[PDB]
Amino acid sequence: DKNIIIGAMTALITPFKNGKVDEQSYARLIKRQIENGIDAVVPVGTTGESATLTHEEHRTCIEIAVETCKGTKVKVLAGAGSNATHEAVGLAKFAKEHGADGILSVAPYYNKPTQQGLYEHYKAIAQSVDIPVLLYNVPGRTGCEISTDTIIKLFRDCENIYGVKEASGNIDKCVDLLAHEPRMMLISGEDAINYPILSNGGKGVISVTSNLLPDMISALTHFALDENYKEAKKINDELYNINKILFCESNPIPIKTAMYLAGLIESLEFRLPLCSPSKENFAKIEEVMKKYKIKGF
Amino acid sequence: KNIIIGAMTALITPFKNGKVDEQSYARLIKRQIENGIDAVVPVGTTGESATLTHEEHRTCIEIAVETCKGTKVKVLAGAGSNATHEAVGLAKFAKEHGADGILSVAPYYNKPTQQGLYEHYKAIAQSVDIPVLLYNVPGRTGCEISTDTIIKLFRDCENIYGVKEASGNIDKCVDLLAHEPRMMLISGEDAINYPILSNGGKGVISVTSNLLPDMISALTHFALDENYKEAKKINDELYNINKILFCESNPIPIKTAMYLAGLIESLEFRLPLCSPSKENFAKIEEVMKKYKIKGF
Amino acid sequence: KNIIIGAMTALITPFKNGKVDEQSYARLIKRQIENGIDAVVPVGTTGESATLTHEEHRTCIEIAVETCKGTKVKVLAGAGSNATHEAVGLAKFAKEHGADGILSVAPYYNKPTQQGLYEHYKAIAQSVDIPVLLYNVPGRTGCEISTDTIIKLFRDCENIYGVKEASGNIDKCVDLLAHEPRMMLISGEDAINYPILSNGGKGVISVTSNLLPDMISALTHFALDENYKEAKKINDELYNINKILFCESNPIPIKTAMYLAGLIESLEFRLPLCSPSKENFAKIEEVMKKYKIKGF
Amino acid sequence: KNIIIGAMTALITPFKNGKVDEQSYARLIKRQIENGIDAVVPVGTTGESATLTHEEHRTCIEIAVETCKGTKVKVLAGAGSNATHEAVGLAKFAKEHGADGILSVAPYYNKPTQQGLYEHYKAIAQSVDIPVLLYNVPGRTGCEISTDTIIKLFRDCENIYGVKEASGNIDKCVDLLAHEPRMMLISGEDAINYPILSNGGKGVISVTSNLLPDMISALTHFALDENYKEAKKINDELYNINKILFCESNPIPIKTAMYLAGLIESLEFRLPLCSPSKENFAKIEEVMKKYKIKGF
Ligand SMILES: [Mg+2]
Ligand SMILES: [Mg+2]
């Protein structure tokens, strides 16, 4: 009987212009997502360079997301994690206070908590707010893995925790998850394997590619949720080349490059330690892009 | 292309007093046939191919071919080697013993390059006129057949029709079928049978089906009939046993399970394989309690 | 280049009632000074830098700086972040607080490219005029500072004088010192302190030294004098404790050990870090009985 | 225990017209002897053991044994298998041909358990009365001989005297020699020859010494004499070639290098091994130019 946020979702890039958050660009990109069938937007996740934004920039992009999605069906699943439990709790309350429909909370990075620590970490977050909480497992970035058992325990013990965004290249784990707890919302955080995760009972994606091709990712997800597996697989197969090229360098360097190449943002700006891609990868992204039809504003 | 697909079983090789129990072997193959299996794989990894003599190799292929006569069930004989000259000989020998096709594992230990793997399989494919299925299991061989190499071999050689993937890498299975949708992707990883079938895979070469042939058969055929809800339901249902059968290196758990179920008479391996630990014995037994194990 | 080398300790940060036990911190540092340690590292990974406020970062740097005045012991302050603008600020801040140098961990989580890491560390190095030691620990950060990037930063930037390696990769430590023998390679992995020192490493930033500073100090200085025999013998003796201190994620075992001794009064962590399991707890307690633990 | 240690070479096996070039094999061996090598390893991994017939196996051991008679140089014959019965046969086979000891690789592909590895090697060790060196190369075999199993085999079996480690794991080499300092740890990884020797290792089984036997010999001897400064410098000098010799799977680069230097007449392999890419060919040739290569 849990409240959930599922479907086609986009981990929004955060455009910079002259080192500032391009707030009008942010709103325009979100409207573009809404107009192409996206079900929810994820402000200031990994793809939004959450690590290099200030807390005010944090609030500004959640507020823009919440405003722009008002009066539409599109929900706002705000990035609000940290590797310090006390800060993650504050960011959760902060996100709720700004009107987010739920929070995406990344597993603590760098300090490698144990499974017991991860349980108490997320339990403290879940008890702090009364909006849905989606776990976020990306061990290649955090250095830790939320075990299947820990995810299931958190799902069963805490009311707001309703699923997990898996970015782990481990379809075995997604079988494990849904075989032992079929009530949870398994969310793909790995564009290349969107369809295999959905076809096994996953209920959504939090996509990088959808920044560039929101119509294609949304269509894929809705095909799969409607059990039209043949058409969902067909879009997944078509998207493989771009899905992979968007990680030739660390996300979000390629996707922001692609967004700039398509004319969707005004300046290829990052905040250090992130930076422009290599010129060979610049050309690689530009070539893979030309084979896809990119909607405008 | 001529193909061999569907639900397939990597047959264990039972031993009695250190020798191949040929009657048990035939009885086990008949059990597979009667539970809906589409093909059997003699002397694969699960069949302890490494420790059988060539002569035992022939004996197990012949029993498989003889036991499948008068049925639709094909024999996809294990016939690989990390020496190309030997792999060619095993392919030709498998064909001469009546196999319908060969499963040919990527060279283990000596780590050929992608160029070497191409020439290896091309020499095998040109040696026979029966279907050849590639077999990628990097955790055992120390090498990986890249997507590009698999696709090139599929396109350049008439007998090569697909690959048995045992790599825990669903991304690669998207890669394979997205760029070459005509190939037969075969799952060599029981736990992810359904995700591979759901992405367009056309069969399984199963370990679990030694113990639960009816469930693996039903899973595969549901998926091939695009009844994905029913295939997933068996896959989720099989997860516990699918994993426990790898608590020690295959085929140590599956032979242990077969012995616990009374399907083979003696828990015998050939060294360097051996009985499992007493705790893993108990674990296999416990996981087994939740499943319905067909007899003979 | 100005350098900070020798036997160094990544200081734990004791908590009492959820606050930094300031008295305890100073007393622990004094214990380190009195047992031959050459530098202390406040608020590194072992110091739970991730869960301390900027206020608390300052407090432990200030305590470290004041406690080492009038001694030969240097303060190499932890001052890294995965945001370059913040890493520059923390570097400047550490400087103003009287730190002798900074340890700056590779950006975690956001996985910068080698180009990004170069610009990141170049911005830090140009922000201060005190030595900067790079810190590569890919198991925690998700990224690796390549040998090429480390060498470029060492050669291009004045203050960058070496790297604290915690990567379990002795090949990389050969690579580093073979192509740039002027850099200070620092072991960030206690179990392999001696192999790194014997290949030209010039110090350690130790976890074990929290509990056994005299033994790590002796190991390092034996090695720096090319008394390899004595350095290896201490390294071999410490292997058991060096490993058990990572049965769970550092600093959970070392803080447990410090509590099991008489050195901190409360086994407190800041979530998501927490007390170890009970079996690891007895496990740390059993191994400790083998070593002689200095008091205050 | 009887031991075979010092500077040792994993001999390449030259082929000419698809056959073992027996006169070249002998010329190369003599070359090794004349440049200070202490033992030669016929038909190991670098000798393409996987693609030689058993008669060619016998031929290359016999040539090694005959060429080393009347010298100090020992012959440590490759004689491993992933089937214990065959590995036992190959061990007895090597002893009857006059080998001084055997190198026996851990079973590849079929991934035996630690218990299985113990029984595998115990059967081999009890089969012969000549020294047995274990060989751990998990990147190629798919398995790993644990420290505990290595130590158990060393303590339980008289002729098992050490291990040739090719695992890029200096922590394990500390673990091994800290808990069992009497065993002979042998480097199977040229780039980290010095770190392994400096920790108490007593020899190397080298790929690089095929091309530069004098340099590997001096390195090893300097180290055995505790002249670590001279051993480390040679190790640092050799790093580039040590790494480039694995741009592609060994022995593809070393045979390419041997051919480029004129030490072998034909760049021939047995499939699935083959010529390197022309990019990597050029790279091997460039790296070579910095080293002084001895002739015959
Ligand atoms: Mg730091
Ligand atoms: Mg650490």
Side-chain angles (χ1 to χ4, degrees), chain A residues 2-6 9 11 42 44-46 50-51 58 77-97 100-168 170 173-174 176-178 180-181 183-187 189 202-204 206, chain C residues 48 50-51 108-109 248-249 252 269-277:
Chain A
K2 298 185 172 266
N3 282 307
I4 66 185
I5 299 166
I6 59 163
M9 313 181 248
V42 179
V44 303
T46 316
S50 59
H58 220 98
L77 184 67
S82 168
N83 67 347
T85 301
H86 190 260
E87 185 176 45
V89 164
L91 291 164
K93 295 161 95 190
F94 199 68
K96 174 195 162 55
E97 267 186 343
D101 301 288
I103 65 154
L104 175 78
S105 210
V106 62
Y109 39 85
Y110 181 57
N111 53 4
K112 206 179 219 238
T114 69
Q115 293 310 298
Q116 177 75 36
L118 289 164
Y119 178 91
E120 304 181 37
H121 176 80
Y122 279 120
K123 169 184 156 194
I125 296 161
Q127 292 169 342
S128 81
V129 301
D130 70 340
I131 58 172
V133 175
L134 191 84
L135 318 176
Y136 180 10
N137 185 62
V138 50
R141 290 177 168 277
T142 62
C144 76
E145 161 103 338
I146 322 178
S147 90
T148 292
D149 284 343
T150 304
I151 293 161
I152 293 177
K153 271 196 199 180
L154 286 163
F155 176 86
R156 291 175 180 168
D157 294 359
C158 318
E159 212 176 313
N160 309 296
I161 296 176
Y162 73 101
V164 57
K165 166 192 177 185
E166 281 291 341
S168 45
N170 189 354
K173 194 195 183 183
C174 316
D176 190 15
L177 279 160
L178 294 185
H180 293 93
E181 188 42 87
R183 294 169 297 172
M184 92 168 67
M185 301 303 130
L186 164 64
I187 303 294
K203 286 307 176 208
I206 292 176
Chain C
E48 291 171 83
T51 57
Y108 35 88
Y109 183 56
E248 291 191 20
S249 291
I252 293 170
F269 302 87
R270 285 211 176 141
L271 281 165
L273 297 198
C274 65
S275 280
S277 72

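All chains are named by letter (A, B, ...) in the order of the sequence lines, taking the proteins before the strands, and each is independently numbered beginning at 1. Basis for what follows: all heavy atoms, side chains included, without hydrogens, waters or symmetry-related copies.
- Interatomic distance, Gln127(A) CD to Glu159(A) CD, rounded to the nearest 0.5 Å: 11.5 Å.
- Donor-acceptor pairing under 3.5 Å is lacking for the side chains of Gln116(A) and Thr114(A).
- Across all their heavy atoms, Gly143(A) and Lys112(A) have their closest contact at O-CE, 3.1 Å.
- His180(A) contributes no side-chain N or O that, together with a main-chain N or O of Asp149(A), makes up a donor-acceptor pair within less than 3.5 Å.
- Nearest approach of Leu186(A) to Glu166(A), heavy atoms of both residues: CD1-CG, 3.8 Å.
- Distance CD1/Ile5(A) to CG/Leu77(A): 5.0 Å, rounded to 0.5 Å.
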Practice task
Let me see the working for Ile146(A) and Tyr122(A) under side-chain contact (heavy atoms from CB on, under 4.5 Å), right down to the final yes or no.
Solution key: CA-CA 11 Å; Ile146(A) 322 178; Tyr122(A) 279 120; 3.6 Å; yes
Practice task
Applying side-chain contact (heavy atoms from CB on, under 4.5 Å), run through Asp130(A) and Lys96(A) and close with a yes or a no.
Solution key: CA-CA 8 Å; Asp130(A) 70 340; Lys96(A) 174 195 162 55; 2.6 Å; yes
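- The CG atom of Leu178(A) lies 9.0 Å from the NZ atom of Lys203(A); values are rounded to the nearest 0.5 Å.
- Shortest non-hydrogen contact noted between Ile131(A) and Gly102(A) is CD1-CA, 3.7 Å.
- With a 4.5 Å cut-off on side-chain heavy atoms, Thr51(C) and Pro272(C) count as touching.
- Distance CG/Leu271(C) to CD/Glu87(A): 14.0 Å, rounded to 0.5 Å.
- Taking 4.5 Å as the limit, some side-chain heavy atom of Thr148(A) sits within range of a side-chain heavy atom of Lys173(A).
- Here the side chain of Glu181(A) pairs a donor or acceptor atom with the backbone of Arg183(A) at under 3.5 angstrom.
- When every heavy atom of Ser82(A) is checked against every heavy atom of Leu91(A), the shortest pair comes out as CB-CD1, 4.2 Å.
- For the 3.5 Å distance criterion, the side chains of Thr46(A) and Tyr136(A) qualify, holding a donor opposite an acceptor.
- A donor-acceptor contact shorter than 3.5 Å links the side chain of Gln115(A) to the backbone of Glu145(A).
- With contacts defined as side-chain heavy-atom distances shorter than 4.5 Å, the pair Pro132(A)/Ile4(A) does not qualify.
- Panel note: side chain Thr142(A), backbone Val138(A); a donor-acceptor pair is recorded below 3.5 Å.
- Between the side chains of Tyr109(C) and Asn83(A), not a single donor N or O lies within less than 3.5 Å of an accepting N or O.
- The structure places OG1 of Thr85(A) at 6.5 Å from CD1 of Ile125(A), a figure rounded to the nearest 0.5 Å.
- Under a cutoff of 6.0 Å and an axis angle of 45°, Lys2(A) and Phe155(A) form a cation-pi pair.
- Between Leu273(C) and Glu48(C) the shortest side-chain heavy-atom distance falls below 4.5 Å.
- Residue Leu134(A) comes nearest to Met185(A) through the heavy atom pair CD1-O, 4.0 Å, listed as atom of the first residue, atom of the second, then distance.
- With rounding to the nearest 0.5 Å, the separation of NE2 in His121(A) from OG in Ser105(A) is 5.0 Å.
- Here the closest heavy-atom approach between residue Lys123(A) and residue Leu154(A) is recorded as N-CD2, 4.0 Å.
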